[PDB]
Structures are given as C-alpha cells and as structure tokens.
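I have placed the structure first, in the form of structure tokens, so that the comments after it can refer back to it.
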Number of protein chains: 4
Amino acid sequence: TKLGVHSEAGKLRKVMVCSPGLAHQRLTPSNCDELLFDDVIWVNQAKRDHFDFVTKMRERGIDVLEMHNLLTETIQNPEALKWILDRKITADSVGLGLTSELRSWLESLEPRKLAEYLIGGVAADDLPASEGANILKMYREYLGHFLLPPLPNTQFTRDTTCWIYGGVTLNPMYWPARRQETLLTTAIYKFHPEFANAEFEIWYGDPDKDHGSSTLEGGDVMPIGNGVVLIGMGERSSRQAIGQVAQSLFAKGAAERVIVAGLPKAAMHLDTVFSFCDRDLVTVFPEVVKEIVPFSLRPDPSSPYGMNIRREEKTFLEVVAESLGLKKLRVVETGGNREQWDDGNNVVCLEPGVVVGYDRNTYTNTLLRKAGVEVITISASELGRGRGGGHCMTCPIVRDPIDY
Amino acid sequence: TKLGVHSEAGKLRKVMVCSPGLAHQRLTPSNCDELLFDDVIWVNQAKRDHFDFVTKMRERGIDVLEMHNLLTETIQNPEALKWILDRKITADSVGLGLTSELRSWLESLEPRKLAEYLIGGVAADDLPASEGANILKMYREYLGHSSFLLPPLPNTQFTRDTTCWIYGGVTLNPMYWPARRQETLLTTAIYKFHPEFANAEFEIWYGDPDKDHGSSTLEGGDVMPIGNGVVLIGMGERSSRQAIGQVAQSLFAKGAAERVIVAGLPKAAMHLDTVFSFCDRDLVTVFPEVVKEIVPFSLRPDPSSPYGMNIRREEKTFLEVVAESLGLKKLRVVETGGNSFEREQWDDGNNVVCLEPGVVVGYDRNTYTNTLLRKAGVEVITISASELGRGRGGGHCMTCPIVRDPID
Amino acid sequence: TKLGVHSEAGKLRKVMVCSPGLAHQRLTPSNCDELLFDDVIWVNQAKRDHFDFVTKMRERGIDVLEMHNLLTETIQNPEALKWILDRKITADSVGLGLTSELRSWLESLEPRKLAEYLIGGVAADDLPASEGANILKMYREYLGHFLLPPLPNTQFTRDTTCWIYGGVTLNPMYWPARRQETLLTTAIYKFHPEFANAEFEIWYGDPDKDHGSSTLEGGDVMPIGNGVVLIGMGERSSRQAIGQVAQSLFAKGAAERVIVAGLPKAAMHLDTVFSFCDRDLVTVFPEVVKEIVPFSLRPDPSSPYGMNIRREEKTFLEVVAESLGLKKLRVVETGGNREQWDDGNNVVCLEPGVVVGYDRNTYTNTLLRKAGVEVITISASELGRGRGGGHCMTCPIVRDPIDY
Amino acid sequence: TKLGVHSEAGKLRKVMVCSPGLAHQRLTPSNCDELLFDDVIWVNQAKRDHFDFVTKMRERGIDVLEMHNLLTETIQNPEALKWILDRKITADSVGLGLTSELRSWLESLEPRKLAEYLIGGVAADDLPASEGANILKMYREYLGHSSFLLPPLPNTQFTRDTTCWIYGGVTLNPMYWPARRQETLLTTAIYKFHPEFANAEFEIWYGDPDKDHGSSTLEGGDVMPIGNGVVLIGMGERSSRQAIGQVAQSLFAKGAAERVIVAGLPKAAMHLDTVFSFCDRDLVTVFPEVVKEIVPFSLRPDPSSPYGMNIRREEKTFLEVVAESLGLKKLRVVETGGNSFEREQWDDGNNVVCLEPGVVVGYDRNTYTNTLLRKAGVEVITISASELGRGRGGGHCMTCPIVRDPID
C-alpha cells in the first residue's frame, strides 16, 4: 500500500533506521559537544545492539529500511550523487583548495564506501597525499583544530524527516550542522526506487532554502489519527515552522486539526516526555506533561492566513484523549529525578500493546506489562547511552490507522 | 579623501560606532546568553559614557558616524527600507500571522523611532493590540517564551564585529551565530543606500547578506590591515579557514594586498584584537599566554597555483613575523592580562583604539597597563568602563574605521 | 546603650563594614571562582565607593565600625593575635615547612599591615627569601598551582555574624574557606574593647568546632522585632543549624517565635529576594517570595526538644505581616529576568523610610520614593559588580526597636 | 602473611572492593552531582558485573573482601557500632529532632540491613512514621529538599579512594569533599574493630577521622607504592602538598620509605592512577597529554633539616624518573586516551588493576588498548564497563590492595 503514517500505535509495516558506524568511530571526549552527541560509545557493541533491534522488528514481518543501504543505492544513480555533492561540497564548506580533490576522490569510491563517508564524515587523513590535506593536517597538529563532519545523530532517524499521513516533512533542523543529515535523507526520498515512483506529498521543508527561525524536529511530531496531528512547541520546534506546517496540511485537507503541545521553559522534544503504547495508553514524565499547554489549530476560511488558534481549557492529556474520541487515556508515569530510577518514555510501538523498549527500564517496563503491553527489549548500554530510545531511532514510513 | 583603512595606527579620519540603546533596555539576566551578551548594563549610564567616548574623538577632528544616525537617514529612502524589510520580515522569521501587521506598523513609524526598533528589537507589546499579538503574549506568559517579534541586537555596540574596511574595500562579514547576521544586514543596507557610501568608490572584498556562507565565518576583531601591503587575520573559533581563503583570494585578485598573515590561535572564543593590539608604529600590547603560542602562516598570491595563492608556516614567533612584515627589527611590547601573575592589581589593557601614532583611547580602570603605556611614550585618553566594558568591550571593538591614513 | 539588633528598620546606631582591599588586589579571572567571588573589580575605585558609603552613614550620626580597624586594634593584644594565629597557621593549612617562617614574619609586622594580610592573604612572594617560599614559587611557575588565601568576601560583613536582639551568631559558613572570615570576626568580638567588656550573648556557633551539615549565613537571618526572627532555609542555611539556633534563643527567652522562610529549589539568601524599607514596606522578587513556604517554630515545654513546628497556611508575606501586628505589608516588586531591568532588593535601612541603595536601580528606587522612602544612593560599578548591596555590606550591631 | 602492599604489579593476595548497592538505587539525574557521582546506573546489572569482577579474582586464589561483608561483621561488635553511630548521628548531621529516633531504628536493625543503610543512606520514608520524619517529607515535597537523613555513598564502589596500604601501613585519607569523609569513617571503623584487622600488625601512616585536616587532602588514586623503597604520589586537585608532606614525613620517620616521588600534575579533577598505570614490571599505560607534562619532585629524608626531608625537582621526564627509580633503563609504554588522534575508535585503557606481573583486569570496551596490551605481553582479563565504567571507574579505582607481594 501507499506510503504514509496514520497513527502512533497502528501496525508498523515499513520503518527507516540507521546503524551506528563511521560517524561514531570519529567520536572523542573532546569533540562530542561540537558533534552534538552526548558521549563516546563502544561502536562495535552499539552495532550489534542496533542489529538485534533491527532483527527483532524484521522477525515480526516489519520491513526495516537501513539508511546506509538506501544511501548506497541512491548514490548509484549519477544524478543523485551529483545532487548531494553539489550541495555538500562547496568552497564555503570545504575550502577553496580542497573541493576538487575531495570530490574527485569521493567520486572514485565504491558505492557502499562512499555512503559510509557521506554519513561518517571525511578526515584529512583519508585523503590521498596532497598539499591541501597537508595544510589541514598542520592546523590539527599545531593548533588542535574534519573536511566533512561526521553525522553521529543519523542513528536517530526520527529527527530529520516525519511522515504525517500521506506525506512527509523534510525538517529544517535547529543546529545548522544537522541540516547535512536532512540533505542526505532528502536525496533518498527524491531519487531512491522505494520513493521516486511512490505517491506522497512533501508537506513542508526544503534543504535548498534557509527557514531562519523556522525549525522542526521529529520528536515533536506525531500523527495520532482521526485527522489530528500533535506537534510539540519548545526549544527545538518553533511557532514559525509549526504554523507553516499546519497551513500546508490544511490546504491539502490532509488534517482537520493540529494540536500544539506547548512545552514550558535543557532542550526536550514531545516524544521524550510523552509516548503511545496502545490505543488508549501512554507513558509520561508527569513533571513536564502536566504543564503542557494545549493549543488547537484548525482550518478557518474567514481568516487571512486560513486557520484559527484556541488555547484549550483542559489538560493536555484530556485534550489528546478527546481528540481521539476516547473517554480518557490510561497513563503510566515514568522519569522524575521502585528499586531505582528509570525513564521508560520513548518506546516505539510495533502494533497496539506491542512495544520495544530498553532492558534497563525494569520498573516502568513492569508497569507497561501490568497495563497489558508486551515489551520487547534491546540493550541500551551504547544505543541509549544518552538521549532517545526506540522512538528516536525509528522513522515510520508505513503505519496503518487505528480507529475512532 | 577616498574611503579606506591603511594601517592600525595611522590618523583616524572617519569612524562608525554605535551607541547602546533600546536593545540593551531589553536585556534581562535570563535572556542575556541567548542574546549573546555578557550581562545587563545600566543603559542610561552606558549611553552617557558612549557619548563621552564619541565626543572625545570628535573633539579631535575625527568624523564619527553614529549607526543610529546613519540608519535613520538610510531608511528615509523608500527603496532602502523595502530592501531591509524584505529580508528582515518573513514567515520564517516572524511567523505567517504577524508579517503584515508588523510590516505595516513599522512602515508607519517616524524614521528615528523606526531605526531604534530595527536595532533594538520589537516586542509583542509594542504592536497595536490584535489577535496575532495577543497570542505571542500568551506564549510568553503561559510558557515563558521570549516575547520578541524581532530580536534586539545589543552587540551593535561593537561596530568592529560586522564589517572591516581593508585598504579601500570592505568586508560584510558572515558571523558565527546566525542571529548576528541581522546586524550585518543593517550595516550592509547603510553601505549600500546611504549618501556617505552609495556614491563613494570602494571595493566589496568579501561577504553578502543574501547568501548562506555555510562554514565560512569572519569576525571583525580578527581582521587588521597593518599596512605595507600586509593584512593580519586571526583564525580561531570565529574566523574560519574557509572564509579567510576567499577573503585573501579576493584581495590578491585586485592586488589590494601582497600578503595575508594568518594568525593561528590555539584551542572560550577570542578574536585577535582581544589579545593583541597596536598603539604606535612599533608598539603593541599583548596577552602573552595566547600570543607566544600563535602560529603564523603567510598567504601570498601565486600564479603557479590552481587556486592562486601559496601558504607557508613561519618558524619565527608571530611577534617577530609581524615585526619583519612591517620593516622593523623588533616590536616594542607591553604585556597585559594574565590570570595569574609584580603589580597592584590585575587588568587587561588590550583593545585600545589608536587615534594617531602614540595616541590611544583606553579604559580608566586599567591603571597599571595605562601607565606602562604612558612610560612607553603613548598619550592614553581614558573613558569609563563600568558599563561599556562590563565584559568583552574595548575601544577597538567599539569602532569600525572607515578612513585611516597609512603610516610608512 | 547595650549591643543588640531589635528590628530591620529601627534607627541604626552602630554597624560594622569592611572595605575592599588587599584580598581584592589578589583577584584574577582565573582564581575568582576558587576565591568564591564573582569577578575582578577596580579595587581603588571600589575603595572610594565604599568610603562614600561609609561617609554617608557617618554624616547621619551612625557609628560605623570598619573591620580592618577593629582587627588592627584587636591584634595589638598579644593574646588575641596568638589566638588567631594558633588557629590560622597549622601544618594542615600552611604546610610543615612554612608554619614557622610564616608566623615569625607575620609576627614582626606592624599592626595595621598584619591586619591587612590576615584579610588579604599572603603570597609566597611576600615572604622573605626562603627555601619553602621557593618551592611554592616553583609549583606556581611549573604547575600553575596562596600560603594564606585572600578573603575577598569580608567586604560583605553581613555573611559571617548576626546580631539577633541581645546576642550574636558566629555563623558556620557553607564553604569551608569562608570559615576563615568567621574566625577573624570572632577574635574581634572576643578581645576587642568595643566587645570584650560589653554584655551580650553568643546564641550559636563556634570557630573551634565542626558543625558538619549545620550551616547558617547572615543574609538569611533577620530579627524583625516583636520577639520574632525570620530565618531563610535554602541552599546556605540548613535546618540542622536553624533548629539549634532557635532552641538556643528559646532557652534564653530571647525570642518568642522563629519564622522559617522555606526557599524553593543557584544559591540565594532571604535578603537577596526580600528586604524591609519601613515599618510596613518591603521590596520583593515576586518570583521567589510567592513560593516561600512559611513554617512557624515556637517554644514548647511538652516536647523532648523544647519546640514545635507548624507549616503556616497563609503566604509568607501575610505571615510576616501578622507577626508584626500589621494588617498587611505594602510591597514593591523588583527583579524578574520600565525603561530597563533592575533588582533593587537588598537595600540597607538606616531608619524608618530612609534607605541606602545603588544608583543604577532607577526604576525601583523611583517606586521606593513614590512609596514614601528616602533613597540615598552609592555607586555599584565595583561594589555591586555581582552579588549583594547595602544590606550584604553591613552587619548591624546596635539598632533600636520599632513597635507593635 | 603480614598486611602490606609492596609494589603495583606483585602478586595480589588480598583486596577490598565494594559492590554497588542501595546507595546507587537512590541516584537520580537531579541528585547525581550533589552525590558526587557521574550518572544513574542500572544497579542490578552493575551488581552482576561487579560480582563477575570479584569472581574472576577469587577464582585465581585472591582473597577478596567485600566492604558490605566486612561492615556487617564489624557492627556486630557493640563497641564498633557505637563508635560509628557516635560520629555519624548528631544534631549537626541529622538535626536535633531526629537523632534519637534515627539511632534507635538503626540499632534495631539486623546487621546486614544496618550495613546496607550505613553505606546506602537513609531516607525520611525509611523510618517508622513520626512527627520528625513527616516534616522532612514535607520539606522534600513542598520545597524539593533532598529527603536523605543520612546521605548515600555511591562512591564506596571505588575502594581505592579512601585508604591506601603503603608497605605495611595504611593511610585513612582526608577527602577533598567533606561528604566523602563519611566513607573513610566507615572504612576506618573496619580497620579498627574487624578481626581481619584489629589483631594484625601494621602502621597507621597518616590520617584520622576524628580530626579536621583543613587544607590537607589525600586521595587513593594518587598513591602508589611502586616498591624498591619508592612511593609515587600525585599532586593535583585532590591531593595537596600539605598532606603529601606529612605522609612522607611519617613514612620517613619509621624508615618505611627511602623516597617519595611527587608527581606534579599541571592545571577537571584527575588522579595519577587515572592517566598512569602499571601492567608489568617494566610496562605502563599512559595518557600522553598529561604524562608528558608531569613535573617530578624527589622527596628524601634528610637529618640536616628542621622538618626532616629535602625536596629536589627532577630535570628528566616523569617516565624517565620512574624508570630510574625502579632500576630500569626505560619503561615500556602503551599510549591510550587522547581526545584527538591511526585507530578504529577512541578508548581509554588506563586504570586496569594488575593481579600478577603481566596479568591484568580491564574493560571489555577498550578493544584497541587491550590488544596493544596483549601484543606487549599482557594477559588481559576483561569485565563489562556498561554500568561500572559509566564514568571514571576502572579496575584500579575499584580495588584497595591490602596484601601485594614485592617484585625486585
């Protein structure tokens, strides 16, 4: 069937993931912050753990797309490579004296190796002996100063693109360095076979424009069903983006309502404090969720900009309940800073009441089980060494609707 | 005389500064960091000190242009306002439901008031009452969201940051923080439509507000046309190799320079003018800790190269290199800053701005360095640092030389 | 009359202050944090500003005691010097190979110079040529590593000792390095003429004991009158200290009630968010004060520990109002992160409606004036370059009561 | 055999470790920092890995003492419990209105449970209901105050920190953070009343829980009795000259050492064992960046001195000095850590604990360093670092050698 995500809990048929790899190999305690990644991880173990995650979904018949594979195949079309390289390798990003050598060398590589470098970055050392490479090597040695920076956050495929019903967003990331990730995913959606001939809409976003203060991040976006879309507004998703995203969905009739979850204020996305596990069940970080201010945004013909907004009176949990035609949501609280502390938010639902979470979250997983949910677990030693879990590491593409 | 800056110590004939103002009135201990500014300052007092600074240069014959004055004049030209608002007010910057009412209110303001708002930002409260404006207030009240439709630009006070005149050409610098590009947009509008500039002859070496410069960044404090065909450019956290190379290549292309000395700063973000400053023909202040570690690189034009230049690491200290580049046996050097060290109190006397050889404007508080500067032969005019130097300020950061005579 | 502080707004007759000096001269951007001081200041200007502050109170007949003078005179009694030096110079603080030279040299100095070193610290460089001094000089040069550390916070005389009615507390400071300040002030209260023969009680504290988790800081303590004492409980004043302080005051009948202002949670003392200006007027940082939880602590004969505690129902501002027999307090709000922002809290009251504040706080000072208060101002360029104002820089010793 | 540690690589005969436990169950992202611990760990898994660590040493004949076991045994002695509670429960530490009920509840517990609480802390909730306990809950609820009557001591896991056996004598270290002195109090109680110790012969070189040590601080990770009469002691943010001098003077007074090499760490707090570790007679791991900058100082006893010792800065590298002090031409060296640098992934293999010459216990994750250690001749037994090494851990920090044979 047609590409599209119709809820948070419906049967998952196709999802995109990206395994840890070269990017993470380039991590050092000293370059972590600038690479916008929490810490250094045991790469090979992380790979085995991500593989076990991938294997567990596949064994239940889910089609799991891995970003490195998709990129490797996209890149085999001369036009797609050209499209990425034209944007990725310029004087402004690489430098005058390196664009030509860097591109010639990249272009000579085998498909899979080239894809690993596009995601894992390129160091002066990878280049064949050259003056340019040499000057860079000097700045590193003499000044402590990558031609192409590694993109360790690709592992979190939820961040950069969002499938909302019969369409996708190409999210204008908060940190400029992360726009490199949205660039490669866009190349995939543009040129790859799984996408090029498939019907779907591009609701918002474009790697070729600036967006300025308009920013959107995957963790904040959820098409919950019933023509509704939840979008968290906080440190990473701005009102400027959300409005344009809503106007676009409305203009095409793709949605009836967009519920803006206003987060109070440490950057956090909606999915790190709120997640679905079943038709009427959710985990929650009580501390934030009870302070969320819900705003309803609806299509309005008598308005210049074509929509109107209303702050909702009830709590966010009541607003979401009613929007799904539910009397109330069953809620499992987690996080908070009872053997020990744990934060079981951010699990990824495979189908109603079937979830994948982390092994460490024993208390919370026990509550989810007691609440009727089957919890499949994977190791978090390296994958969840910092932020995000299953939800963060998956980008749903085809997920069936649920109901009223 | 033709626009252009030909040294660091020559006679300053014309300069741009910008007085602290509405932008600073909006500072708060909690929005400080996000507005890239060190701390809340007493604005009315800052203004009085800024005016004393301006008055002390003007009194000496120097033409001193106030950015607020220039901008108020500029925006009286309809095409220039439009050019500015087309780029500053959009659905991406302001939101779909605020663009028209905000643009209409601005265009209905008196020139002076309009210019104060362009530099000082616009809060939801400043608009005439309305639906769109009420929701922003609600975001600020119920969520604690910043209420600025148009963010304030308190850093405008440091006119040195966004544009550098290098020998009769200027650079419209691509700042490190995207927010600060809003300053360059306004300074560029002035250089473009204002009488003092639109009709003058000069080159635009590098830069452009309509383009995204990616990883190519350049900040004023790092640029120094020391003369004798040479240009010093610091390379550290704020000025990247990617920018420096294109600036040089552009300068070489028109023969405006013979050499670019890349001052390689090791590693807290700091510009060259923050640890190194000229006071006279052969005299400089220095923060030893950083300077003794700067790695120098000579960048010269070279026809036998695909990209037109060559680069050579220098084996002698950065100080010996600057010396040799200016035809001197040795630079006289005054040490300052230290965070450790002989003397009554710690102080940092770097960043004075030179008015003429041996005449400098400095801060009243740096009593030690100021007297070591006097003993070394310099007349030091002082201004109050209580508010202006409440952080990384300095007379050098607060001035953008437009016309400065050469030396020798 | 007898030493003692009977309110926050009564006529101030005797106060102790301490001018900026050698301690501040030893400040560098790199040693500020470890010296527990906010920033480097223009010492000579700070001195002129502190002098202008001192002069303004004296001109209104207030007896202003300056710590350097008191110390200089105390130190002229052989027994007082010995008492301080025995505690200040030990193997554990100075090192085995330096105690003897350091003490001999200090002991040879003239009274005033010796007092300046006891407060301003001693550097290896001040010592006469020696091997010891030399090894220290080596560690500084070769390793970036003061014999006696400077005490730049002495300028804030309110921090270390508190006069509560007919007695004083010798506060067990939070940061161990600051206990050096309480040591010198205790020597003054013990041996100096102004204190040695004066009648007063030592309610709590002792520089010769440990106190562990018991900590108290001046900014949190206020004897407001009517037998009541307000004591803020937050990051710097602990329940362990407050209880012992209350039990002592009760045991001597020095107070009828102690109102614990419970501060929510960046360390803050009560006086930085709450201050008196007149019999019924106070400035306030609304953000904190409205969240303060008031607890009343009273003498109770039927209890093992001799007191009982009750959380109060009403706001803290209503609780304080009633405890003074006032219908309500008039309140001037300030701070908050209207030309510009300012935080006018922490002014020091000289008499009802007569206050000393900082020149920069124009908005707030204007409100205080409109509220009937005469505001004398001093420069804050260096004195209030960071925390505290007039209140923080004064330690009241004799202040008359006010009324019902 | 007599208690005492005579080298870093000799055969380990007896060691103390402490398993993660209740203390860690109380960790939270917001109380982490205040409890001086890097992050929240999965406690049950940490315990399983700790046990694998313990089991791997025991299986080799090593007597491994578990601090929880030792403490449970100790407190069965009435005089030892009293000694401990007299010092741990007071009006200053717990508050006037909680001392008696808290002391009574503790004394009513079963030994094992009591010991878990002494190391793991006590929350208001653990007490039988009462007035005093309810007010603490109220402080925690209405004010967000920590609810710990007795703070937890998650750092107990690093038995290396609080006490060092140096040649048949031990140091009861005065920690940098006052909170951590509560660990030393408990370890001292064990060394004092426990059978394995009360009756053994050994010296107490330095330290004492009943005294305030002012600015004199010493941390385990900095101490290393490398043998041949020599002792290495790192001097940086955690071990001060004031302590080091008295430790040396005490060692010299009884002739337990001929020399103390002060390893001067430049300048993030770090102990010597964190950047430098022995693996064999002549082999050490090293974090170059720090090691190449350590300034060595030799401290020898000297009768012609008022304070009994002399100090001399060494002109050769710290590595050449350690070499010469052990009768070697050169130490074989394996580099690790770097935060920059040739190899598949970054790792830091410092802090392995040696069981015998060339036999070491390390972490599974440090694959690069581990194989460079094997190529250099070392058998590397590995344990899981997911929870235990979730920060500054390491096998060396997790062991407090009691009996270790000399080498040569």
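Naming works like this for the structure tokens: A, B, ... for the chains as they're shown, residue 1 at the start of each chain, ligands 1 onward in shown order.
Taking only C-alpha atoms, the non-local environment of segment 232-237 of chain C within 7 Å (same-chain residues fewer than 6 positions away omitted) comprises residues 174, 215, 216, 217, 220, 221, 260, 261, 262, 263, 267, 268, 269 and 270 of chain C.
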Just need the residues of chain D within 10 Å of chain A, counting only C-alpha atoms, so spit them out as a tab-separated table (two decimals) with C-alpha atoms, in the first residue's frame.
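As written to disk, result.tsv reads:
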chain	number	residue	atom	x	y	z
D	22	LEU	CA	21.34	0.69	47.88
D	24	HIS	CA	23.05	3.70	43.81
D	25	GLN	CA	19.40	2.78	43.98
D	26	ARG	CA	18.93	6.27	45.32
D	27	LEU	CA	20.66	8.06	42.41
D	28	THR	CA	18.57	10.39	40.29
D	29	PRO	CA	19.51	12.68	37.40
D	30	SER	CA	18.99	15.64	39.69
D	31	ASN	CA	20.82	14.46	42.82
D	32	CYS	CA	23.74	12.97	40.89
D	40	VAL	CA	22.44	6.99	37.14
D	41	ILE	CA	23.45	3.39	36.58
D	42	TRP	CA	21.37	0.23	36.13
D	43	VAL	CA	22.05	-1.08	39.65
D	44	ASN	CA	21.04	-4.73	39.31
D	45	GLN	CA	23.21	-5.09	36.23
D	337	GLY	CA	43.27	8.22	25.74
D	338	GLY	CA	43.77	11.31	23.64
D	339	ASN	CA	40.58	13.16	22.79
D	340	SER	CA	42.00	13.82	19.32
D	341	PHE	CA	44.17	11.26	17.48
D	342	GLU	CA	45.63	5.65	13.49
D	343	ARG	CA	42.90	3.56	15.15
D	344	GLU	CA	39.27	2.37	14.77
D	345	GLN	CA	37.86	4.02	17.82
D	346	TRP	CA	38.73	6.18	20.78
D	347	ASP	CA	39.24	4.45	24.10
D	364	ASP	CA	35.74	-5.12	27.54
D	365	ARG	CA	35.16	-1.93	25.60
D	366	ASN	CA	38.76	-0.79	25.32
D	367	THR	CA	39.42	-3.10	22.42
D	385	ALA	CA	32.03	-1.49	31.66
D	386	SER	CA	28.42	-0.61	30.77
D	387	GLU	CA	27.46	0.24	34.31
D	390	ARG	CA	29.81	4.56	33.19
For each of A:275, A:130, A:296, A:93, take the minimum atom-to-atom distance to residue 177 of chain A, counting only C-alpha atoms, then give the residue where this is smallest. A:93
Quick one: distance from atom CA of residue 333 of chain A to atom CA of residue 271 of chain A in Å, one decimal?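 Pair atom CA of residue 333 of chain A / atom CA of residue 271 of chain A returns 13.8 Å.
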Residues of segment 230-393 of chain B classed as alpha helix (DSSP H) by DSSP on the backbone are to be reported as a VMD selection string. chain B and resid 241 to 253 272 to 275 288 to 291 318 to 325 367 to 375
Quick one: residues within 9 Å of residue 118 of chain B, only C-alpha atoms, excluding same-chain residues fewer than 2 positions away - as an MDAnalysis selection string? chainID B and resid 71 106 113:116 120:122 150:153 186
If we count only C-alpha atoms, what is near residue 251 of chain C at a cut-off of 10 Å, once residues fewer than 6 positions away on the same chain are taken out, given as a PyMOL selection string? chain C and resi 203+299+306-307
Computed interatomic separation between atom CA of residue 353 of chain C and atom CA of residue 383 of chain C (Å): 23.2 Å
May I have the residues within 7 Å of residue 172 of chain B as a PyMOL selection string, using only C-alpha atoms and disregarding those fewer than 3 positions away in the same chain? chain B and resi 162-163+184+188+206-208
Produce a file of the selected residues containing C-alpha atoms, as a PDB file, in the first residue's frame.
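Result file is again25.pdb:
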ATOM      1  CA  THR B 162      30.322  43.040  11.346  1.00  0.00           C
ATOM      2  CA  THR B 163      32.338  44.898   8.724  1.00  0.00           C
ATOM      3  CA  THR B 184      25.345  42.764   9.013  1.00  0.00           C
ATOM      4  CA  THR B 188      25.134  46.422   4.597  1.00  0.00           C
ATOM      5  CA  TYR B 206      34.029  39.585   0.635  1.00  0.00           C
ATOM      6  CA  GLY B 207      30.640  38.863   2.009  1.00  0.00           C
ATOM      7  CA  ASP B 208      26.990  39.107   1.176  1.00  0.00           C
TER       8      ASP B 208
END
Tell me which protein, DNA and RNA residues are within 12 Å of residue 187 of chain C, counting only C-alpha atoms, leaving out same-chain ones fewer than 6 positions away, and put them as number ranges by chain. C: 67, 70-88, 118, 161, 170, 180-181, 193, 195-196, 206-208
Please return, as a ChimeraX atom specification, all residues of segment 31-237 of chain C that DSSP assigns to strand (DSSP E) on the basis of the backbone. /C:63-66,161-163,167-170,201-204,221-225,228-233
Calculated over only C-alpha atoms, which of the candidates B:58, B:259, B:241, B:194 has the smallest distance to residue 98 of chain A?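 Counting only C-alpha atoms, the residue closest to residue 98 of chain A is B:241.
Proximity to residue 307 of chain B was assessed for B:407, B:253, B:328, B:290 counting only C-alpha atoms; the smallest distance is recorded for B:253.
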Residue contacts of residue 291 of chain C (9 Å, only C-alpha atoms) excluding same-chain residues fewer than 5 positions away, as a PyMOL selection string: (chain C and resi 262-264+286+315-316) or (chain D and resi 143)
Go ahead and write the residues just picked, N, CA and C atoms, as an mmCIF file, in the first residue's frame.
data_model
loop_
_atom_site.group_PDB
_atom_site.id
_atom_site.type_symbol
_atom_site.label_atom_id
_atom_site.label_comp_id
_atom_site.auth_asym_id
_atom_site.auth_seq_id
_atom_site.Cartn_x
_atom_site.Cartn_y
_atom_site.Cartn_z
ATOM 1 N N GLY C 262 10.930 29.047 54.108
ATOM 2 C CA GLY C 262 11.444 27.960 53.286
ATOM 3 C C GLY C 262 11.579 28.372 51.835
ATOM 4 N N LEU C 263 12.817 28.468 51.334
ATOM 5 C CA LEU C 263 13.062 28.868 49.953
ATOM 6 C C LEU C 263 13.087 27.656 49.074
ATOM 7 N N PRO C 264 12.387 27.734 47.953
ATOM 8 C CA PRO C 264 12.278 26.672 46.950
ATOM 9 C C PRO C 264 13.605 26.429 46.202
ATOM 10 N N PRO C 286 9.152 38.827 43.407
ATOM 11 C CA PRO C 286 7.884 38.086 43.302
ATOM 12 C C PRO C 286 8.008 36.623 42.942
ATOM 13 N N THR C 315 0.311 32.968 52.900
ATOM 14 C CA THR C 315 1.546 33.268 52.211
ATOM 15 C C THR C 315 2.546 33.760 53.228
ATOM 16 N N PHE C 316 3.790 33.826 52.782
ATOM 17 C CA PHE C 316 4.875 34.283 53.602
ATOM 18 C C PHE C 316 4.692 35.773 53.874
ATOM 19 N N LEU D 143 9.225 21.854 49.229
ATOM 20 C CA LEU D 143 10.377 22.658 48.855
ATOM 21 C C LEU D 143 11.328 21.946 47.899
#
